[PDB]
Amino acid sequence: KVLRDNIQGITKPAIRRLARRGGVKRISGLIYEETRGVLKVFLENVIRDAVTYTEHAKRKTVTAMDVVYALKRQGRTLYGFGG
Amino acid sequence: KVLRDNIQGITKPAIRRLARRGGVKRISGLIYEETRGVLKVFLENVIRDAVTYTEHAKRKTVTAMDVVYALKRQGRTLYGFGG
Amino acid sequence: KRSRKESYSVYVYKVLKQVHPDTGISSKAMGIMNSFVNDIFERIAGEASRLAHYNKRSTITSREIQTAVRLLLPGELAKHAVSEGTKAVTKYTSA
Amino acid sequence: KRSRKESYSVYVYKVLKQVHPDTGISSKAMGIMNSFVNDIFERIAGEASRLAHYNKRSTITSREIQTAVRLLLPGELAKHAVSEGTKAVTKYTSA
Amino acid sequence: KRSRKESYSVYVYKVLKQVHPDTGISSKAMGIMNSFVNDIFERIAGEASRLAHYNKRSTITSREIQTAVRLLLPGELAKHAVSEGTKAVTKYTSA
Amino acid sequence: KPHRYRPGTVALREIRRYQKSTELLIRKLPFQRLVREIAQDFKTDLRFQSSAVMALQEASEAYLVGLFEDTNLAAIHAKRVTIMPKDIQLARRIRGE
Amino acid sequence: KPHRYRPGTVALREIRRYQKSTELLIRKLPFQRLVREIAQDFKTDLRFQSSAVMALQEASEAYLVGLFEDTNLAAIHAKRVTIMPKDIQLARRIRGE
Amino acid sequence: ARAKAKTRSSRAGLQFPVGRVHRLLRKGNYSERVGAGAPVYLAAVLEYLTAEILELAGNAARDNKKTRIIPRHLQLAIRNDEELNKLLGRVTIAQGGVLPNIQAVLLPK
Amino acid sequence: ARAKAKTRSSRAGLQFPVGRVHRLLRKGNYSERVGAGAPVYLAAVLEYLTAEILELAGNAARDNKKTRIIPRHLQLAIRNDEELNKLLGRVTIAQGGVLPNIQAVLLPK
Amino acid sequence: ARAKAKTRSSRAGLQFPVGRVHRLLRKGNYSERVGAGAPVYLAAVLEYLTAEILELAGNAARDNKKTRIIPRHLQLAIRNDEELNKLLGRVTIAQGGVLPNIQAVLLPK
DNA sequence: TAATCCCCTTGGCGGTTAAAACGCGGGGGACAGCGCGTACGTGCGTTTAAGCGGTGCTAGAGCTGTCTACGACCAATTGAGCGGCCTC
DNA sequence: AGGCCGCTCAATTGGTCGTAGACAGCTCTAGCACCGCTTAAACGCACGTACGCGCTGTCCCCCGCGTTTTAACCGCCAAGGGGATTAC
Numbered sequence: 020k021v022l023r024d025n026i027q028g029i030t031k032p033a034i035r036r037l038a039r040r041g042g043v044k045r046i047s048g049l050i051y052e053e054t055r056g057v058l059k060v061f062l063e064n065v066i067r068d069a070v071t072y073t074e075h076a077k078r079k080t081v082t083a084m085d086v087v088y089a090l091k092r093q094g095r096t097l098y099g100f101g102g
Numbered sequence: 020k021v022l023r024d025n026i027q028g029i030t031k032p033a034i035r036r037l038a039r040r041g042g043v044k045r046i047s048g049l050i051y052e053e054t055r056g057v058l059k060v061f062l063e064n065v066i067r068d069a070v071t072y073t074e075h076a077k078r079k080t081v082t083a084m085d086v087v088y089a090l091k092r093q094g095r096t097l098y099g100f101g102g
Numbered sequence: 030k031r032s033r034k035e036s037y038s039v040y041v042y043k044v045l046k047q048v049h050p051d052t053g054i055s056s057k058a059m060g061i062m063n064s065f066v067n068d069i070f071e072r073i074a075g076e077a078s079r080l081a082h083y084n085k086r087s088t089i090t091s092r093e094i095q096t097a098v099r100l101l102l103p104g105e106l107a108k109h110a111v112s113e114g115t116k117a118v119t120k121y122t123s124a
Numbered sequence: 030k031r032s033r034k035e036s037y038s039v040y041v042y043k044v045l046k047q048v049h050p051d052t053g054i055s056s057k058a059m060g061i062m063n064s065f066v067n068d069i070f071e072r073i074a075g076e077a078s079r080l081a082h083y084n085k086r087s088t089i090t091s092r093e094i095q096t097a098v099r100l101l102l103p104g105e106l107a108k109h110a111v112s113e114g115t116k117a118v119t120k121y122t123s124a
Numbered sequence: 030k031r032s033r034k035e036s037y038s039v040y041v042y043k044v045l046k047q048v049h050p051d052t053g054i055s056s057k058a059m060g061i062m063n064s065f066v067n068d069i070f071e072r073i074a075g076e077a078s079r080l081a082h083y084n085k086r087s088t089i090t091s092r093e094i095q096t097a098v099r100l101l102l103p104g105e106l107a108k109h110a111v112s113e114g115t116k117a118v119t120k121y122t123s124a
Numbered sequence: 037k038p039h040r041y042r043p044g045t046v047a048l049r050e051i052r053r054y055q056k057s058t059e060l061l062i063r064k065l066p067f068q069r070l071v072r073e074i075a076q077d078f079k080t081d082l083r084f085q086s087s088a089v090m091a092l093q094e095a096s097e098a099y100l101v102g103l104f105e106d107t108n109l110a111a112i113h114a115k116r117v118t119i120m121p122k123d124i125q126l127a128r129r130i131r132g133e
Numbered sequence: 037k038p039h040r041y042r043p044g045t046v047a048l049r050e051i052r053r054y055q056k057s058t059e060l061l062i063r064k065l066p067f068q069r070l071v072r073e074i075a076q077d078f079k080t081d082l083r084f085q086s087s088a089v090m091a092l093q094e095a096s097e098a099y100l101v102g103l104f105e106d107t108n109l110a111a112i113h114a115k116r117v118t119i120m121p122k123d124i125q126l127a128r129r130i131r132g133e
Numbered sequence: 010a011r012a013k014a015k016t017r018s019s020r021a022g023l024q025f026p027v028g029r030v031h032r033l034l035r036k037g038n039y040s041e042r043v044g045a046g047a048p049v050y051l052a053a054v055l056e057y058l059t060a061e062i063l064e065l066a067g068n069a070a071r072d073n074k075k076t077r078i079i080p081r082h083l084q085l086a087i088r089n090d091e092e093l094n095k096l097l098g099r100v101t102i103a104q105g106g107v108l109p110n111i112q113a114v115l116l117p118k
Numbered sequence: 010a011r012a013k014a015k016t017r018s019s020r021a022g023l024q025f026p027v028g029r030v031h032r033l034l035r036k037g038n039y040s041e042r043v044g045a046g047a048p049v050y051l052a053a054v055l056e057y058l059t060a061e062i063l064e065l066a067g068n069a070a071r072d073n074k075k076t077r078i079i080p081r082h083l084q085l086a087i088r089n090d091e092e093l094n095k096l097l098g099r100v101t102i103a104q105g106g107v108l109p110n111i112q113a114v115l116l117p118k
Numbered sequence: 010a011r012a013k014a015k016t017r018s019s020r021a022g023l024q025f026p027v028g029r030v031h032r033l034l035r036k037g038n039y040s041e042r043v044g045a046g047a048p049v050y051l052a053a054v055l056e057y058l059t060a061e062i063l064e065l066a067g068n069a070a071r072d073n074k075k076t077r078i079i080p081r082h083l084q085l086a087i088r089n090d091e092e093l094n095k096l097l098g099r100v101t102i103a104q105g106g107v108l109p110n111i112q113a114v115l116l117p118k
C-alpha cells in the first residue's frame with residue numbers, strides 16, 4: 020500500500036502538455052526533473068497546510084476546502100471548488 | 020503656489036547610488052528616466068491610498084501612520100513608524 | 030435527511046437574465062461566481078475592519094466601505110461603484 | 030501630561046536583559062521591535078480568526094494558536110515555539 | 030401675481046449632480062436641456078402614436094416605446110437604453 | 037515520402053491546441069497516487085476527496101503555467117526559446133522562492 | 037600623472053560602501069516637494085508630517101533596491117553586466133505588476 | 010385613513026418625473042390609452058440619455074478648466090459623439106459654435 | 010396589525026440580499042456594530058461587479074456561438090479586462106485555461 | 010480579604026504582558042471568547058521569537074564591536090536567518106540598510 | 001463527546017486503446033571568439049539650492065463636553081430562496 | 001439547465017435600549033513661511049575604457065514521427081470509514 024516513485028507518475032508528456040498550455044515551444048532535457056522537484060515542493064507546502072488544517076479539524080479525509088484555504092495562504096487563490 | 024517638476028529632484032546620482040546599494044555595476048543612461056517613471060507609479064499608488072486614508076480620517080495633515088497602513092496593504096510593510 | 034447549504038445561485042441567475050435574457054449558464058461557472066463573491070466580500074470586509082481599527086471606529090459604515098472600494102477596487106470600476114452606491118443609499122434613505 | 034500610549038518597551042527590555050545583560054538599545058530599533066511584535070501579533074491573530082471561522086469555532090484556543098504557529102512559523106522555529114508555549118501553558122496551568 | 034411655467038430644471042440638476050457632484054450649470058445650457066427633452070419626447074411619442082396606428086393598437090405600452098428606441102436610437106446606446114428600461118420595469122413591477 | 041513537418045510546426049500546433057483546450061493535462065490516477073504518496077509522509081493513512089485531488093491538479097497545473105509564463109518571458113529576455121532550469125530558478129527567486 | 041581608477045572599481049567601492057552604509061541616498065527636500073506636488077494632484081493644500089515624508093522615503097528606496105536586485109538577477113540571466121530598462125520591465129511583470 | 014404615497018419616479022428610483030411624462034403623453038394626442046410601462050420606459054431612456062450627455066459635458070468642462078457647463082461644451086459633446094450626431098444631425102444649438110475643424114488643404118505645407 | 014413584509018433588498022431594488030450580506034458581515038467578526046449604509050453600499054458594489062462579469066461572459070459566449078456560460082468564457086472575460094486583471098492577478102480559475110497568447114518570436118519568419 | 014494580585018506573565022514565568030495580549034484579542038475582533046491558554050501561548054511564542062532575535066542582535070552588535078542595538082544589526086541578523094527571512098520577506102526595516110551581497114559574476118578575476 | 005449511518009471514499013477486476021515509451025532522422029538552438037561601434041563610468045571643477053540653523057505663527061492635531069443619531073437585538077411572521085427531480 | 005414543486009429559515013419590523021462618534025470648540029504646537037550662511041550637490045564636459053551583441057560557425061539536443069505496450073480509463077463490484085448530524 021506504500022507508494023515510492025509516483026513523482027514519475029506525472030509523466031514527461033504531461034510536462035510537455037503543460038508547457039504547451041504555458042506556451043513553451045522548445046523544452047530542454049534538464050527541465051522535467053526540475054519541474055518535478057519544484058511542483059513537489061509546492062505540493063508539499065500546500066498539503067502541509069492542508070494536513071495541518073485536517074488534524075486541527077480532527078478529520079482523516081482531506082477536503083477541497085482545506086486545499087482552498089492552503090492555496091489562499093500561499094497567495095494562489097483558486098475559484099471553482101466550493102469556495 | 021503649484022509645483023510642476025520635482026520628479027527631477029530624485030536626481031540621477033541618487034539613482035546611481037541606489038543602484039550601487041542595489042548592486043548594479045553599470046547603469047545605462049536609459050535607466051534613470053524609466054526608473055523615475057516606475058517609482059512615480061509606485062508613489063502614486065501609495066499616496067492615492069494614503070490620501071484616501073486621510074480624508075477617511077477627516078484630516079488635512081498627512082501622518083506617517085496611514086503611510087504605514089497603505090504600505091502594509093500593498094505588501095511592502097515597513098518597520099519603524101508604527102504607533 | 031439533509032442540511033441546507035447556502036449559495037448565491039438565484040441572485041446571479043436573476044441579474045444574468047436581467048442583462049442577458051437569452052443567455053444560459055453552467056454550474057461550475059456558478060461555482061467560480063460563488064468563489065468570486067465570497068472572495069471579494071472577504072477582501073472588502075477585511076479592509077473595512079482595518080479602517081474601523083485605524084480610525085478607532087467601532088462601527089463600519091458606508092464611508093468605510095467606500096474607502097475600501099477606493100483602496101482595493103482600481104480606477105474606473107471604483108468610480109462607477111461609487112456612483113451606483115450613492116444612488117443606492119440615496120434611494121434607500123428615500124425608502 | 031499626555032495620553033498614555035501602550036508600547037512594548039519594558040518587556041523587550043526585560044527579555045533583552047535575559048539574553049544580553051550587558052548591552053544597550055537604540056530607540057529606533059526599539060520602535061522597530063514594537064512594529065515587529067504588533068505585526069506578528071496581527072498575523073497570528075488574523076490567522077487564528079481564519080481557522081476559527083473554518084472550524085466554525087466561536088472561541089480561539091491555544092490549539093488554534095498552535096495551528097497558526099505551525100502554519101506561519103518555519104520548521105524548527107515552529108517546533109521550539111510549540112515547546113516554549115507548551116512549557117509556558119503547563120506552568121500557567123500549574124499556576 | 031404670476032402664473033407657473035413648468036420646466037425640466039431640477040431633474041437634470043439631480044442627474045448632473047449624480048454624474049458630476051462638483052459641476053455647475055449655465056442657464057442657457059439648461060434651456061438646451063429643456064428643449065432637448067421636449068424634442069426627443071415629441072419624436073418618440075409621435076413614433077409610438079404611429080406604431081399604435083399601424084398595429085391598430087389604441088394603447089401604447091412599453092413594447093411600442095421599445096420599438097421606437099430600436100428605430101430612432103442608433104445601436105449601442107439603444108442597447109443600453111433597453112437595458113435600463115428592462116431593469117426599470119422589473120424593479121417597478123417589484124415595487 | 038512520408039510527410040514530415042519542420043521542427044517547431046507540431047510544437048506550435050500543440051501551443052494553439054492546448055491554449056484552446058481547457059481540460060486537465062495530467063493523468064488522474066498517478067496524480068492521486070502521488071498526492072497520497074507525499075501526504076503519507078506527513079500523516080499516515082490519509083484519505084482524499086477525489087474533488088480535492090482534481091483541485092490540487094488544476095491549481096498545480098495553473099501554478100506551473102504561470103511559472104512557465106515567467107520562464108519564457110525570461111527566455112525571450114534571454115534571447116532563447118529552449119528554456120533551461122536556470123530560467124525557472126530565476127523566475128522563482130525574483131518571485132521570491 | 038593624476039590618479040584614475042579603472043571602470044567598475046569606484047562602482048564596486050560605492051556598492052560596498054552603501055551596502056555597508058544605511059543612510060538615505062536621495063536629498064530629502066526635493067523628495068518632499070515631489071510628495072507635495074503629487075499630493076496636490078490628488079488633493080490640494082495638503083500638509084505632511086516630516087516623519088511621513090521620511091517614512092515614504094525609506095519605503096521608496098527599499099522598493100527601488102528590491103527592483104534593482106531583481107534587475108541584476110535578470111541582467112546576469114541576460115548574461116550582462118550593464119542593465120537596460122527591459123530588465124526592469126521584465127521584473128515588474130514577474131512580480132505581477 | 011390613507012396609505013402614504015411615493016412618487017412613481019421614486020418607485021422606479023429614477024429622477025425624471027414619471028407622472029409629468031405620463032400626463033404629457035396622455036395630453037399630447039398620441040393615444041387615448043397608454044400602457045403602464047411606456048412612460049417609465051421612456052423616462053428611463055431620457056434620463057439615461059441626459060445622464061450620458063451631462064457626463065460628456067462635465068468631462069469637457071473639466072478639460073477646459075471650467076467648473077460649469079457652457080453651450081460650447083454642449084456643442085463639443087454632441088458633435089464629437091457619432092451616435093449622438095446621428096440623433097442630432099439637423100438640430101441647431103444656441104451659442105454653441107462649431108467643432109475646431111480645418112481641412113487638410115487649408116493648413117500650410 | 011403588522012407592517013407588510015417588503016425586504017430591504019427590494020428597498021434597494023437590488024437582487025443581492027441586504028439581510029444575508031449584513032448577517033455575514035456581522036458574523037464575520039469585523040466589528041460588532043455596522044453602519045446601515047455599509048451593506049447596501051457593499052451589495053450595490055457586488056451586484057454591479059457581477060453585472061460587468063455577466064456582460065463580458067455574455068459577449069464571450071455569443072462570440073463562441075454558445076448560449077451558455079462556460080468557465081472558458083470566464084477566462085476570456087476576466088483576463089481581457091485590465092481592471093479585472095488588477096483585481097484578479099493572483100486568482101486561479103478552474104478549467105479556464107489561459108488567454109490565447111503567443112509571443113511574436115514563436116511565429117515563423 | 011483578597012490574596013496578593015499576582016501577574017499572569019510571572020504565572021507563566023514570562024515577561025510579555027498576558028493581560029495586554031488577551032485584552033487586545035478581545036478588542037481585535039477575532040473571536041468574542043478567547044481560550045485561556047491562547048494568549049499565554051501567543052505571548053510565549055512572541056517572547057521566544059523576540060528573545061532569539063535580541064540574542065542575534067546582541068551577537069551582531071558584539072561582532073561589529075558595538076554595545077547598543079542598532080537597526081543595521083537587526084537587518085544583518087534577521088535577513089541572515091533564512092526561516093526568519095521567509096517569515097519576514099516582504100517587511101521593510103527603517104534605516105536597516107541592505108545585506109552585503111555582491112554577485113560572484115560582479116567580482117573580478 | 002457518544003452513536004451511527006450512509007454515502008462517499010477505497011480496493012479489486014476485465015478489457016481498451018490512450019498514453020506512455022522508445023528509438024531514429026534532422027533541423028534548429030545556443031552560444032562563444034572575435035570584432036566593432038559603442039555607451040557610460042570616472043575626474044573634477046562650479047553652481048546652486050540643499051542643508052543647517054534660526055524666528056514667527058497659526059492650521060489644524062489633538063483633546064474635551066453634548067447630544068442625538070444609530071444601530072444591535074428579541075418575538076413573530078412571512079416570503080423568498082434553497083433541496084429535489086426530471087426532462088428536453 | 002432549468003424550471004417547477006415542497007420545505008424552512010431568514011429577514012425584517014416595531015420597538016427599545018444602550019452607546020458612538022459627530023459636532024463644537026479650545027489650544028498649543030509643529031508645519032509652514034521667511035531669512036541667512038555653508039558647502040555638498042551636481043552636473044557637465046572630457047576622456048579612458050569596457051559593453052552588448054552580432055557573424056560565422058559549431059556542436060549537439062530535443063522535435064517530430066513513427067511503433068509497441070501497458071496500464072489508465074471506464075464500467076462493474078464489494079467494504080466499510082468517517083463525517084456529519086443530533087442529543088447530552
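Order-wise, the sequence lines are chains L, P, R, N, H, K, O, G, Q and M.
Basically PDB author numbering = 1-based index in the first sequence + 19.
Basically PDB author numbering = 1-based index in the second sequence + 19.
Basically PDB author numbering = 1-based index in the third sequence + 29.
Basically PDB author numbering = 1-based index in the fourth sequence + 29.
Basically PDB author numbering = 1-based index in the fifth sequence + 29.
Basically PDB author numbering = 1-based index in the sixth sequence + 36.
Basically PDB author numbering = 1-based index in the seventh sequence + 36.
Basically PDB author numbering = 1-based index in the eighth sequence + 9.
Basically PDB author numbering = 1-based index in the ninth sequence + 9.
Basically PDB author numbering = 1-based index in the tenth sequence + 9.
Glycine included, each C-beta is placed from N, C-alpha and C at the ideal position.
With fewer than 16 neighbouring CB atoms inside 10 Å of its own CB, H39 of chain O falls in the exposed class. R49 of chain K and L48 of chain O have their alpha carbons spaced roughly 49 Å apart. For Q95 of chain R, the closest of R:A81, R:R33 and R:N67 by C-alpha to C-alpha distance is R:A81.
Within the region 25 to 91 of chain L, no beta strand (DSSP E) run of at least 3 residues lies entirely inside it. Fully enclosed alpha helix (DSSP H) runs of no fewer than 4 residues occupy 27 to 35 of the region 24 to 64 of chain G, in order along the chain.
Around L60 of chain O, the same chain offers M90, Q93, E94 and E97 as residues with beta carbons nearer than 8 Å, after the five sequence neighbours per side are excluded. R29 of chain M has a beta carbon lying within less than 8 Å of a beta carbon in chain N. Between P103 of chain R and chain Q, the shortest Cβ-Cβ separation is below 8 Å. The alpha-carbon of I78 of chain Q is positioned some 15 Å away from that of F65 of chain R. The Cβ atoms of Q104 of chain Q and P80 of chain Q lie closer than 8 Å to each other. Rounded to whole angstroms, the separation of the alpha carbons of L58 of chain G and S40 of chain G is 24 Å. Between the alpha carbons of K79 of chain P and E93 of chain N lies a distance of about 42 Å.
One alpha carbon belongs to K64 of chain O, the other to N63 of chain N, and they sit about 26 Å apart. Inter-segment contact for the region 24 to 40 of chain Q and the region 67 to 75 of chain R is present: three or more beta-carbon pairs are separated by less than 8 Å. In the three-state scheme derived from DSSP, where H, G and I count as helix and E and B as strand, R77 of chain M is classed as strand.
Per DSSP, the beta bridge partners of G53 of chain N are M:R77.
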